[PDB]
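Visitor: What follows is a structure written as structure tokens; I'll ask about it next.
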Amino acid sequence: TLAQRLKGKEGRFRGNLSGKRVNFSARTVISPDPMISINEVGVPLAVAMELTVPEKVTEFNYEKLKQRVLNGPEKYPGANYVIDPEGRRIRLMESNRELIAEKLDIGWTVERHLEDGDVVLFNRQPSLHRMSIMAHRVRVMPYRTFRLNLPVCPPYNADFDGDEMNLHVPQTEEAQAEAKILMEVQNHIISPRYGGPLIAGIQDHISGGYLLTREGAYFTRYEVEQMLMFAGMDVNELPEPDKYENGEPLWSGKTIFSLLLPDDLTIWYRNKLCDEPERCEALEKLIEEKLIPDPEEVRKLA
Amino acid sequence: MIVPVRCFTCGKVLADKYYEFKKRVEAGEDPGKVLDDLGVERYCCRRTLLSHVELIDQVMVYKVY
Amino acid sequence: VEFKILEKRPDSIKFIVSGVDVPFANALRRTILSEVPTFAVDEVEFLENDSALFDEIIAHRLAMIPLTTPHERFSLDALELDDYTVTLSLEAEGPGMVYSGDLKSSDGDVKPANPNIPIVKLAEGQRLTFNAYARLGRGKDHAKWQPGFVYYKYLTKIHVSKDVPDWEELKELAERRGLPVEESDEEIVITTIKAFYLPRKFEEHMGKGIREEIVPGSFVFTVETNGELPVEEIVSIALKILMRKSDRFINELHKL
Amino acid sequence: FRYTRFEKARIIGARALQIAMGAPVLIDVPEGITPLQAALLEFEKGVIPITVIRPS
Amino acid sequence: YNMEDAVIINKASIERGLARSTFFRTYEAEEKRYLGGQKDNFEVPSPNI
Amino acid sequence: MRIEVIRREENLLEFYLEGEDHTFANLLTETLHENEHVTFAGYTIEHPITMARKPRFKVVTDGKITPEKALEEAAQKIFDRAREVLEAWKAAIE
Amino acid sequence: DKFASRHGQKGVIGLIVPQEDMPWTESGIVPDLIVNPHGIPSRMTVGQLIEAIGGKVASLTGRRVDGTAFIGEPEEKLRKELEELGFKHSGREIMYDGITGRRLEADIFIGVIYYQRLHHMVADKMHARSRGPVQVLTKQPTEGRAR
Amino acid sequence: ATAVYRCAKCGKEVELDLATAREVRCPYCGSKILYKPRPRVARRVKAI
Ligand SMILES: [Mg+2]
Ligand SMILES: [Zn+2]
Ligand SMILES: [Zn+2]
């Protein structure tokens, strides 16, 4: 009766008022994608052509929205619905696709397909903390599954053993702005729970960093150029090679790692690979005296 | 239910020699030598031939029309 | 560039390439794997199908059937393939087994290479009739268009010092595995034309007792065909494809 | 004086809502961006007219 | 791309029929009879309805 | 084949090569590495799904020759090497 | 698409890598699957490695390898026959990169592992709703994917 | 709107009109389950 309708987990207060099903949302499996940024989410083409962003026709996006209307719902990038300034919503079919496009003017609203750079919410359940949902950028790929960057996985507590994730598309401009400014991914790298890094490298990132930066790790010119191109670094010219082996130049992995760090960065600490404290103590003492130790002196007892 | 035409790894054709391999196996010979004499040297093709089990004969009996 | 042929069989060739670097060998292997075009069943029109296998399964099995490619008529080295369609019509009635040799090809030179490939078993009252349309395609789009398999390994020489215990066991194992072995007064050299792995007892000598050197610019290539093309013509077709790609890149650079 | 994240988000949302139904852009546009991007460039150029009322 | 329990599959292996599966779904329709002799009819509906 | 220039400098050339894969990309990059006038020669694939057929190349020379000339020389060297290998292969069987 | 081993190792397909880009061993074997090395020791899954060794041995010899509990073929015996077959005891093989074409500096462990596809396919799990039917009571979107 | 159907057990062709069928069954063997035969219109299936 009414009391059971109001109370309980399935009641109106919890199942219909505090939390309720929403429109313009998708949900599917996630797969890894290191090739995209932490700000980007892999949106399938089928999902993108279904979820629509309502964009008002202005003086600067009139041509783009006209092209979206002229493409239609079956062509990407296209549109699904058109709302006139008075407020009648018309679904775009093949017959009226050109007629509505010719009738487009300033003040009209076009529910266009999801495009690159669009801001959407990416949430995984259960949402134990405020970092369980972040606003990503839409990246459209022709496959079926969602794609999320690996460093963003620890915030979501999500692996790729059949994990299901939801995506929410804000409709109003205020909601899109709020998602872009507040709940953007890069704005939530540090976890407020403990004041430490949450969006961070894991597993293969740590292993590759150790393999690159370990002692005796050297790479050829072709390998260095290939990794520089793969990482998307703006290194126009190769640095001076550290040593020559068999007549060919070799670059230390520390030299390649140094290009990532800013030029005015200086920090020293001890990692988990410490099992000879004598060398660490000597390095700390050498840093303590001069406060600007010579790079040759550091490399002698590195 | 039926033997694949090509090996899943390299695309080497194995359906031609599967029935000869099955007949020689039922005769009591060592399947390794049977695979060796049939040209099945890579263990991926050997995987495809050995792990396959014929089941189409049990599906043909159930008519569908 | 020196070419030395090790083994030739009507379906495979193992040889040694010298004078080329690692990128060229990798490019040749990838061109053979994915760029060399062959004839494979691309579309299937079904008239009757009462077998246990579905239409998709039968179509996929037909696509896996190797078809002979007439490389003389069709310029397989062209970057754009000819839009020629070959129709293979089958109309069989059960009971029995449908083989690849029962297909009636519309072109004499475009026929299944292996006529003993089973397709489906037909029971009493079951009949299968279809027309399979085949066209030229590359292995980079689907695995049905691959001319076969290709791989290569580094031509490495393994030097085993006579001071290493039980070196005669390694020598006789290499001789049994068909590897060229040379014997000197101080060490034995084994040419690894195939995959050679040292046993566990010789693992402790891999640093100072037994050494492995890589011959600069020499590789051992093994290319096997399924009958679509002659195994000698696949390498030539791949090299001509690489030449055409280089010419097209030069033309694009000139246009730019 | 500095803008908080909530204040900046509110300003950008209000500006984007204004641009969607009027309010011509005070700066140049890349001819195809969304009104949210227009508000973002307006904020980046320091040309926004919307202020924040703070209790005192 | 195999990170965090993920796996990487071969395109040629998939195209060769490895792990290929077919999914069957069965739908049912009943010509139910209602009170007063009314019953469903199995026919192509007219556009006028 | 198509060449789409993204960024061009006084000695730098960055371009997408549509319709090509890792094969010709790696071959061209290593052939450019064989040239002593090319200070930097690299290629990458930004995504193995969306743009797996559109590698991106960056070629920076020392200023002695233009990057386009270096790329043309690398392509000509690839063509000559492929022709030599083809002739050797034909002579091996015949 | 969800694929799982018999030892609790499960995951979705991350990439459909072409054969030309996949690595290959010195024996000419291209793997049909590639798994991350980080998952093997964290979950203490040595049975997967033993099954890979046994599958390689069974494929090379032609005789099926018994994997029964407490009465199965010993691991050391399997490594012994793998050594006698001309392969490394550990199951590692020298592999070449499919893109660069160069030899990998580490011997990669490759073997035959029974992997099963599960019914949690991405085709039946993708849901995308923009607008449509609503509940007659709360005027809210309906439940599930079928409606 | 009569049509031909295939029996599940005997497999012989069964002819009846589903629009005005008082009872649908195979008169040859008494089977009450029938199969709709596949049409002879050519269908095109993509090879993988
Ligand atoms: Mg999970
Ligand atoms: Zn194989
Ligand atoms: Zn009957």
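Ordered as shown in the structure tokens, chains take letters A, B, and onward, while each chain numbers its residues from 1 and ligands are numbered from 1 in the order shown.
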At a cut-off of 10 Å around ligand 1, and using only C-alpha atoms and all ligand atoms, what residues come up? Please write them as a ChimeraX atom specification.

Guide: /A:157-164 /E:4-5 /G:10-11

Visitor: Sorted by chain and rising residue number, list the residues of chain E at most 12 Å from ligand 2 (counting only C-alpha atoms and all ligand atoms), each with its closest atom pair and distance in Å to one decimal, as a tab-separated table.

Guide:
residue	atom	partner	partner_atom_place_in_ligand_line	distance
E:12	CA	ligand 2	1 (Zn)	11.6
E:13	CA	ligand 2	1 (Zn)	10.2
E:16	CA	ligand 2	1 (Zn)	11.2

Visitor: Keeping only N, CA, C and O atoms, write those residues as a PDB file, in the first residue's frame.

Guide:
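The file below, part-v2.pdb, is the result:
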ATOM      1  N   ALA E  12      43.787 -12.425 -38.146  1.00  0.00           N
ATOM      2  CA  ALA E  12      43.728 -13.542 -39.083  1.00  0.00           C
ATOM      3  C   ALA E  12      43.108 -14.774 -38.438  1.00  0.00           C
ATOM      4  O   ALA E  12      42.385 -15.527 -39.100  1.00  0.00           O
ATOM      5  N   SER E  13      43.388 -15.002 -37.153  1.00  0.00           N
ATOM      6  CA  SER E  13      42.773 -16.125 -36.450  1.00  0.00           C
ATOM      7  C   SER E  13      41.261 -15.963 -36.369  1.00  0.00           C
ATOM      8  O   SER E  13      40.514 -16.925 -36.583  1.00  0.00           O
ATOM      9  N   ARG E  16      39.759 -16.601 -39.654  1.00  0.00           N
ATOM     10  CA  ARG E  16      39.861 -18.006 -40.024  1.00  0.00           C
ATOM     11  C   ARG E  16      38.851 -18.887 -39.302  1.00  0.00           C
ATOM     12  O   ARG E  16      38.857 -20.105 -39.507  1.00  0.00           O
TER      13      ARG E  16
END

Visitor: Write out as JSON lines a residue-level contact list of chain H versus ligand 3 with cut-off 6 Å: for each qualifying residue the closest pair of atoms and the distance in Å to one decimal, counting only C-alpha atoms and all ligand atoms, rows sorted by chain and residue number upward.

Guide:
{"residue": "H:7", "atom": "CA", "partner": "ligand 3", "partner_atom_place_in_ligand_line": "1 (Zn)", "distance": 4.5}
{"residue": "H:9", "atom": "CA", "partner": "ligand 3", "partner_atom_place_in_ligand_line": "1 (Zn)", "distance": 5.6}
{"residue": "H:10", "atom": "CA", "partner": "ligand 3", "partner_atom_place_in_ligand_line": "1 (Zn)", "distance": 4.2}
{"residue": "H:11", "atom": "CA", "partner": "ligand 3", "partner_atom_place_in_ligand_line": "1 (Zn)", "distance": 5.8}
{"residue": "H:12", "atom": "CA", "partner": "ligand 3", "partner_atom_place_in_ligand_line": "1 (Zn)", "distance": 5.8}
{"residue": "H:26", "atom": "CA", "partner": "ligand 3", "partner_atom_place_in_ligand_line": "1 (Zn)", "distance": 4.6}
{"residue": "H:28", "atom": "CA", "partner": "ligand 3", "partner_atom_place_in_ligand_line": "1 (Zn)", "distance": 5.2}
{"residue": "H:29", "atom": "CA", "partner": "ligand 3", "partner_atom_place_in_ligand_line": "1 (Zn)", "distance": 4.5}
{"residue": "H:31", "atom": "CA", "partner": "ligand 3", "partner_atom_place_in_ligand_line": "1 (Zn)", "distance": 5.2}

Visitor: Select all residues from chain G having any atom no more than 10 Å from an atom of chain A (counting only C-alpha atoms, ignoring ligands), output as number ranges by chain.

Guide: G: 1-4, 9-15, 36-39, 100, 120-132, 134, 138, 140-143

Visitor: Okay, now the selection with N, CA and C atoms, as an mmCIF file, in the first residue's frame?

Guide:
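Done, and the output landed in again-v1.cif:
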data_model
loop_
_atom_site.group_PDB
_atom_site.id
_atom_site.type_symbol
_atom_site.label_atom_id
_atom_site.label_comp_id
_atom_site.auth_asym_id
_atom_site.auth_seq_id
_atom_site.Cartn_x
_atom_site.Cartn_y
_atom_site.Cartn_z
ATOM 1 N N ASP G 1 34.501 -8.557 -26.184
ATOM 2 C CA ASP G 1 34.058 -9.934 -26.019
ATOM 3 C C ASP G 1 34.869 -10.611 -24.923
ATOM 4 N N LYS G 2 34.176 -11.269 -23.999
ATOM 5 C CA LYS G 2 34.804 -11.845 -22.818
ATOM 6 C C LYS G 2 35.359 -13.226 -23.146
ATOM 7 N N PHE G 3 36.657 -13.408 -22.916
ATOM 8 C CA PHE G 3 37.331 -14.689 -23.049
ATOM 9 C C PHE G 3 37.982 -15.031 -21.719
ATOM 10 N N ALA G 4 37.868 -16.292 -21.312
ATOM 11 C CA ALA G 4 38.374 -16.721 -20.018
ATOM 12 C C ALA G 4 39.177 -18.003 -20.163
ATOM 13 N N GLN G 9 41.461 -16.798 -15.227
ATOM 14 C CA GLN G 9 41.990 -15.641 -15.941
ATOM 15 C C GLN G 9 40.999 -15.256 -17.034
ATOM 16 N N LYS G 10 40.376 -14.090 -16.885
ATOM 17 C CA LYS G 10 39.321 -13.638 -17.777
ATOM 18 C C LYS G 10 39.600 -12.208 -18.215
ATOM 19 N N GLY G 11 39.033 -11.833 -19.354
ATOM 20 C CA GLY G 11 39.167 -10.462 -19.818
ATOM 21 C C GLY G 11 38.550 -10.286 -21.187
ATOM 22 N N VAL G 12 38.358 -9.023 -21.551
ATOM 23 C CA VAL G 12 37.787 -8.678 -22.843
ATOM 24 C C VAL G 12 38.908 -8.497 -23.859
ATOM 25 N N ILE G 13 38.538 -8.536 -25.139
ATOM 26 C CA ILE G 13 39.504 -8.311 -26.205
ATOM 27 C C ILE G 13 39.850 -6.830 -26.262
ATOM 28 N N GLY G 14 41.142 -6.523 -26.183
ATOM 29 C CA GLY G 14 41.587 -5.145 -26.198
ATOM 30 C C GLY G 14 41.891 -4.616 -27.583
ATOM 31 N N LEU G 15 42.331 -5.493 -28.483
ATOM 32 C CA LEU G 15 42.714 -5.072 -29.822
ATOM 33 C C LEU G 15 42.628 -6.258 -30.770
ATOM 34 N N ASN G 36 48.649 -10.264 -20.746
ATOM 35 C CA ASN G 36 49.600 -9.448 -20.010
ATOM 36 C C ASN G 36 50.372 -10.306 -19.011
ATOM 37 N N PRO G 37 51.691 -10.118 -18.902
ATOM 38 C CA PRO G 37 52.463 -10.866 -17.899
ATOM 39 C C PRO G 37 52.212 -10.421 -16.470
ATOM 40 N N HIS G 38 51.520 -9.299 -16.256
ATOM 41 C CA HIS G 38 51.307 -8.813 -14.898
ATOM 42 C C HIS G 38 50.255 -9.629 -14.158
ATOM 43 N N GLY G 39 49.307 -10.228 -14.883
ATOM 44 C CA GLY G 39 48.236 -10.964 -14.235
ATOM 45 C C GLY G 39 48.610 -12.348 -13.754
ATOM 46 N N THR G 100 58.618 -3.800 -35.979
ATOM 47 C CA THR G 100 60.002 -3.437 -36.256
ATOM 48 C C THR G 100 60.755 -4.546 -36.977
ATOM 49 N N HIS G 120 28.960 -13.400 -22.243
ATOM 50 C CA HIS G 120 28.905 -11.966 -21.966
ATOM 51 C C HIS G 120 29.507 -11.176 -23.132
ATOM 52 N N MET G 121 28.882 -11.331 -24.295
ATOM 53 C CA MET G 121 29.337 -10.656 -25.499
ATOM 54 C C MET G 121 28.937 -9.186 -25.476
ATOM 55 N N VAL G 122 29.722 -8.365 -26.178
ATOM 56 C CA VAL G 122 29.443 -6.936 -26.238
ATOM 57 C C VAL G 122 28.235 -6.634 -27.117
ATOM 58 N N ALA G 123 27.819 -7.581 -27.963
ATOM 59 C CA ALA G 123 26.660 -7.352 -28.820
ATOM 60 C C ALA G 123 25.372 -7.284 -28.009
ATOM 61 N N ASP G 124 25.226 -8.155 -27.014
ATOM 62 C CA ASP G 124 24.035 -8.191 -26.178
ATOM 63 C C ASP G 124 24.138 -7.295 -24.952
ATOM 64 N N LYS G 125 25.266 -6.613 -24.756
ATOM 65 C CA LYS G 125 25.466 -5.785 -23.578
ATOM 66 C C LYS G 125 25.480 -4.293 -23.874
ATOM 67 N N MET G 126 25.613 -3.890 -25.135
ATOM 68 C CA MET G 126 25.594 -2.474 -25.472
ATOM 69 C C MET G 126 24.168 -1.944 -25.410
ATOM 70 N N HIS G 127 23.975 -0.870 -24.651
ATOM 71 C CA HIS G 127 22.688 -0.200 -24.548
ATOM 72 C C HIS G 127 22.903 1.290 -24.752
ATOM 73 N N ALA G 128 22.037 1.911 -25.549
ATOM 74 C CA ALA G 128 22.121 3.341 -25.821
ATOM 75 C C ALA G 128 20.713 3.888 -25.979
ATOM 76 N N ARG G 129 20.306 4.756 -25.056
ATOM 77 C CA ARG G 129 18.993 5.382 -25.096
ATOM 78 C C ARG G 129 19.161 6.893 -25.059
ATOM 79 N N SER G 130 18.518 7.581 -26.002
ATOM 80 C CA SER G 130 18.433 9.037 -25.990
ATOM 81 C C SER G 130 17.073 9.501 -25.481
ATOM 82 N N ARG G 131 16.001 9.037 -26.117
ATOM 83 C CA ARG G 131 14.641 9.284 -25.662
ATOM 84 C C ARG G 131 13.751 8.191 -26.230
ATOM 85 N N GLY G 132 12.666 7.896 -25.520
ATOM 86 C CA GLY G 132 11.751 6.868 -25.950
ATOM 87 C C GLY G 132 10.617 6.627 -24.977
ATOM 88 N N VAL G 134 8.379 5.716 -21.718
ATOM 89 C CA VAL G 134 8.473 6.053 -20.307
ATOM 90 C C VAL G 134 7.445 5.235 -19.539
ATOM 91 N N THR G 138 5.540 6.728 -13.052
ATOM 92 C CA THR G 138 6.457 7.782 -12.642
ATOM 93 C C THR G 138 6.883 8.693 -13.784
ATOM 94 N N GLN G 140 8.988 8.047 -16.068
ATOM 95 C CA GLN G 140 10.427 7.861 -16.079
ATOM 96 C C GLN G 140 10.793 6.772 -17.080
ATOM 97 N N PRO G 141 12.038 6.753 -17.568
ATOM 98 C CA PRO G 141 12.430 5.734 -18.550
ATOM 99 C C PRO G 141 12.255 4.319 -18.018
ATOM 100 N N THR G 142 11.964 3.400 -18.936
ATOM 101 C CA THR G 142 11.612 2.035 -18.578
ATOM 102 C C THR G 142 12.842 1.265 -18.094
ATOM 103 N N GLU G 143 12.622 -0.002 -17.757
ATOM 104 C CA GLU G 143 13.644 -0.867 -17.186
ATOM 105 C C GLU G 143 14.240 -1.772 -18.256
#

Visitor: As a PyMOL selection string, which residues of chain F does DSSP assign to helix (DSSP H, G or I)?

Guide: chain F and resi 22-34+67-93

Visitor: Taking N, CA, C and O atoms for each residue, export the selection above as a compact mmCIF listing (two decimals), in the first residue's frame.

Guide:
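Writing done, so here's part.txt:
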# COMPACT_ATOMS: atom_id res chain seq x y z
N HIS F 22 52.32 -0.32 -41.35
CA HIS F 22 53.62 -0.35 -40.69
C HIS F 22 54.74 -0.79 -41.62
O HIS F 22 55.90 -0.43 -41.38
N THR F 23 54.43 -1.55 -42.67
CA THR F 23 55.44 -2.09 -43.57
C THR F 23 56.24 -1.00 -44.28
O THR F 23 57.44 -0.83 -44.03
N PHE F 24 55.56 -0.26 -45.16
CA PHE F 24 56.23 0.80 -45.91
C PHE F 24 56.68 1.93 -45.00
O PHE F 24 57.70 2.57 -45.27
N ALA F 25 55.94 2.17 -43.91
CA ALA F 25 56.33 3.20 -42.96
C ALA F 25 57.68 2.88 -42.32
O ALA F 25 58.58 3.73 -42.30
N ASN F 26 57.84 1.66 -41.81
CA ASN F 26 59.10 1.26 -41.21
C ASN F 26 60.22 1.22 -42.24
O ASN F 26 61.35 1.63 -41.95
N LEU F 27 59.92 0.73 -43.45
CA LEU F 27 60.94 0.69 -44.50
C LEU F 27 61.44 2.09 -44.84
O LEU F 27 62.65 2.32 -44.92
N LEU F 28 60.52 3.03 -45.01
CA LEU F 28 60.90 4.40 -45.34
C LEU F 28 61.64 5.07 -44.19
O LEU F 28 62.61 5.80 -44.41
N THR F 29 61.20 4.83 -42.95
CA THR F 29 61.88 5.42 -41.80
C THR F 29 63.31 4.91 -41.67
O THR F 29 64.23 5.70 -41.43
N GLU F 30 63.52 3.61 -41.86
CA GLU F 30 64.87 3.07 -41.77
C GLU F 30 65.73 3.51 -42.95
O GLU F 30 66.94 3.74 -42.78
N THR F 31 65.15 3.64 -44.14
CA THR F 31 65.91 4.15 -45.28
C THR F 31 66.32 5.60 -45.07
O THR F 31 67.42 6.00 -45.47
N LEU F 32 65.44 6.40 -44.45
CA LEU F 32 65.82 7.76 -44.09
C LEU F 32 66.91 7.76 -43.02
O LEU F 32 67.80 8.62 -43.03
N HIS F 33 66.84 6.81 -42.08
CA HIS F 33 67.90 6.67 -41.09
C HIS F 33 69.23 6.32 -41.74
O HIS F 33 70.29 6.69 -41.22
N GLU F 34 69.20 5.60 -42.86
CA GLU F 34 70.43 5.30 -43.59
C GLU F 34 71.09 6.54 -44.16
O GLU F 34 72.29 6.52 -44.44
N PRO F 67 63.67 18.19 -46.63
CA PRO F 67 63.13 16.88 -46.23
C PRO F 67 62.41 16.14 -47.35
O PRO F 67 62.43 14.91 -47.37
N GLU F 68 61.78 16.86 -48.28
CA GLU F 68 61.15 16.21 -49.42
C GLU F 68 62.18 15.50 -50.29
O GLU F 68 61.94 14.38 -50.76
N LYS F 69 63.33 16.13 -50.50
CA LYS F 69 64.40 15.49 -51.27
C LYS F 69 64.93 14.26 -50.55
O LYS F 69 65.23 13.25 -51.19
N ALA F 70 65.06 14.33 -49.23
CA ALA F 70 65.50 13.17 -48.46
C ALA F 70 64.51 12.03 -48.56
O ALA F 70 64.90 10.86 -48.71
N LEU F 71 63.21 12.34 -48.48
CA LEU F 71 62.19 11.30 -48.62
C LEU F 71 62.21 10.69 -50.02
O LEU F 71 62.05 9.48 -50.18
N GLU F 72 62.39 11.53 -51.05
CA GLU F 72 62.47 11.02 -52.41
C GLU F 72 63.69 10.12 -52.59
O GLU F 72 63.61 9.08 -53.26
N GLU F 73 64.83 10.51 -52.01
CA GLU F 73 66.03 9.69 -52.09
C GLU F 73 65.83 8.36 -51.36
O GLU F 73 66.28 7.31 -51.84
N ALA F 74 65.16 8.39 -50.21
CA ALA F 74 64.88 7.15 -49.49
C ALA F 74 63.96 6.24 -50.29
O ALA F 74 64.17 5.02 -50.33
N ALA F 75 62.93 6.81 -50.93
CA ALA F 75 62.04 6.01 -51.76
C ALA F 75 62.77 5.42 -52.96
O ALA F 75 62.54 4.27 -53.33
N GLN F 76 63.65 6.21 -53.58
CA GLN F 76 64.44 5.70 -54.70
C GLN F 76 65.38 4.58 -54.25
O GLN F 76 65.57 3.59 -54.97
N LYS F 77 65.97 4.72 -53.07
CA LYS F 77 66.83 3.66 -52.53
C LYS F 77 66.02 2.40 -52.25
O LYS F 77 66.50 1.28 -52.50
N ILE F 78 64.80 2.55 -51.73
CA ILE F 78 63.93 1.40 -51.51
C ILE F 78 63.61 0.72 -52.83
O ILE F 78 63.65 -0.52 -52.93
N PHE F 79 63.29 1.50 -53.86
CA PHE F 79 62.98 0.94 -55.17
C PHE F 79 64.18 0.19 -55.75
O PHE F 79 64.03 -0.92 -56.27
N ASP F 80 65.37 0.78 -55.65
CA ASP F 80 66.57 0.13 -56.17
C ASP F 80 66.89 -1.15 -55.41
O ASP F 80 67.26 -2.16 -56.02
N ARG F 81 66.76 -1.12 -54.08
CA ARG F 81 67.02 -2.32 -53.29
C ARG F 81 66.02 -3.42 -53.61
O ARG F 81 66.40 -4.59 -53.72
N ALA F 82 64.75 -3.07 -53.76
CA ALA F 82 63.74 -4.07 -54.10
C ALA F 82 63.99 -4.64 -55.49
O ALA F 82 63.83 -5.85 -55.70
N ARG F 83 64.39 -3.80 -56.44
CA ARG F 83 64.73 -4.29 -57.77
C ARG F 83 65.92 -5.24 -57.74
O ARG F 83 65.92 -6.28 -58.40
N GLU F 84 66.95 -4.89 -56.96
CA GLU F 84 68.13 -5.75 -56.85
C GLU F 84 67.77 -7.09 -56.22
O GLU F 84 68.23 -8.14 -56.68
N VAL F 85 66.95 -7.07 -55.16
CA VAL F 85 66.55 -8.31 -54.51
C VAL F 85 65.69 -9.15 -55.45
O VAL F 85 65.82 -10.38 -55.49
N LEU F 86 64.80 -8.51 -56.22
CA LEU F 86 63.99 -9.24 -57.18
C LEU F 86 64.84 -9.89 -58.26
O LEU F 86 64.61 -11.05 -58.63
N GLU F 87 65.84 -9.16 -58.77
CA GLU F 87 66.73 -9.74 -59.78
C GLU F 87 67.54 -10.89 -59.21
O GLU F 87 67.73 -11.91 -59.88
N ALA F 88 68.03 -10.75 -57.97
CA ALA F 88 68.77 -11.84 -57.34
C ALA F 88 67.88 -13.06 -57.13
O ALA F 88 68.32 -14.20 -57.31
N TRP F 89 66.62 -12.84 -56.73
CA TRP F 89 65.69 -13.94 -56.55
C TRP F 89 65.38 -14.65 -57.86
O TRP F 89 65.30 -15.88 -57.91
N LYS F 90 65.21 -13.88 -58.94
CA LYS F 90 64.98 -14.48 -60.25
C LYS F 90 66.19 -15.27 -60.71
O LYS F 90 66.06 -16.35 -61.31
N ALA F 91 67.40 -14.75 -60.45
CA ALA F 91 68.61 -15.47 -60.84
C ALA F 91 68.83 -16.71 -59.97
O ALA F 91 69.49 -17.66 -60.41
N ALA F 92 68.29 -16.72 -58.75
CA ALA F 92 68.48 -17.86 -57.87
C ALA F 92 67.72 -19.09 -58.37
O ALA F 92 68.24 -20.21 -58.32
N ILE F 93 66.50 -18.90 -58.86
CA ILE F 93 65.71 -20.03 -59.34
C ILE F 93 66.10 -20.40 -60.76
O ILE F 93 66.30 -21.58 -61.08

Visitor: Hey, list the chain H side of the contact with chain E: 8 Å cut-off, only C-alpha atoms, answer as a count of residues only.

Guide: 3

Visitor: Have a look at atom CA of residue 88 of chain C and atom CA of residue 18 of chain E and let me know their distance in Å, one decimal.

Guide: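 If I compute the distance from atom CA of residue 88 of chain C to atom CA of residue 18 of chain E, I get 25.4 Å.
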
Visitor: Neighbours of segment 144-150 of chain C within 9 Å (only C-alpha atoms; same-chain residues fewer than 3 positions away dropped), as a PyMOL selection string?

Guide: (chain B and resi 10-12) or (chain C and resi 29-30+32-42+60+63-66+136-141+221-229+234) or (chain E and resi 12+15-16) or (chain G and resi 28) or (chain H and resi 48)

Visitor: Can you tell me which residues surround residue 8 of chain G at a distance of at most 12 Å, considering only C-alpha atoms, apart from same-chain residues fewer than 6 positions away, and format the answer as a VMD selection string?

Guide: (chain A and resid 161) or (chain E and resid 5) or (chain G and resid 39 to 40 43 to 48 114 to 116)

Visitor: I need the residues in chain H that are strand (DSSP E or B) according to DSSP; give them as a list in words.

Guide: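 Reading the DSSP output for chain H, strand (DSSP E or B) covers residues 3, 4, 5, 6, 7, 13, 14, 15, 16, 34, 35, 43, 44, 45 and 46 of chain H.
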
Visitor: Take the selection from the previous step and output its residues with N, CA and C atoms, as a compact mmCIF listing (two decimals), in the first residue's frame.

Guide:
# COMPACT_ATOMS: atom_id res chain seq x y z
N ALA H 3 -0.84 -22.46 -47.66
CA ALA H 3 0.59 -22.60 -47.89
C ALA H 3 1.02 -24.03 -47.60
N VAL H 4 2.19 -24.38 -48.11
CA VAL H 4 2.77 -25.71 -47.93
C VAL H 4 3.72 -25.67 -46.74
N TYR H 5 3.71 -26.74 -45.95
CA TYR H 5 4.56 -26.86 -44.78
C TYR H 5 5.20 -28.24 -44.74
N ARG H 6 6.33 -28.33 -44.04
CA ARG H 6 7.07 -29.57 -43.89
C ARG H 6 6.85 -30.13 -42.50
N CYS H 7 6.60 -31.44 -42.42
CA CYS H 7 6.39 -32.08 -41.14
C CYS H 7 7.70 -32.21 -40.37
N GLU H 13 5.63 -33.06 -47.26
CA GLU H 13 4.98 -31.77 -47.43
C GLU H 13 3.53 -31.83 -46.95
N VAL H 14 3.14 -30.85 -46.14
CA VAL H 14 1.79 -30.76 -45.58
C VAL H 14 1.17 -29.46 -46.07
N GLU H 15 -0.05 -29.55 -46.61
CA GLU H 15 -0.74 -28.41 -47.20
C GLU H 15 -1.95 -28.08 -46.34
N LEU H 16 -2.02 -26.84 -45.88
CA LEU H 16 -3.16 -26.37 -45.10
C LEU H 16 -3.20 -24.85 -45.12
N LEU H 34 4.82 -28.71 -37.30
CA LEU H 34 5.18 -28.51 -38.69
C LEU H 34 6.29 -27.47 -38.81
N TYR H 35 7.06 -27.59 -39.89
CA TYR H 35 8.15 -26.67 -40.19
C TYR H 35 7.81 -25.87 -41.44
N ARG H 43 19.18 -16.06 -51.76
CA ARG H 43 19.68 -15.19 -50.72
C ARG H 43 21.20 -15.10 -50.83
N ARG H 44 21.74 -13.93 -50.53
CA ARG H 44 23.17 -13.67 -50.66
C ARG H 44 23.78 -13.53 -49.27
N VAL H 45 24.80 -14.33 -48.99
CA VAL H 45 25.47 -14.34 -47.69
C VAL H 45 26.93 -13.96 -47.91
N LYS H 46 27.40 -12.97 -47.16
CA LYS H 46 28.79 -12.55 -47.25
C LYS H 46 29.70 -13.62 -46.64

Visitor: Quick one: residues within 9 Å of segment 22-26 of chain G, only C-alpha atoms counted, chain neighbours fewer than 5 positions away excluded, as a ChimeraX atom specification?

Guide: /C:151-154,194-196 /E:10 /G:17,31,93-99,101,108,110
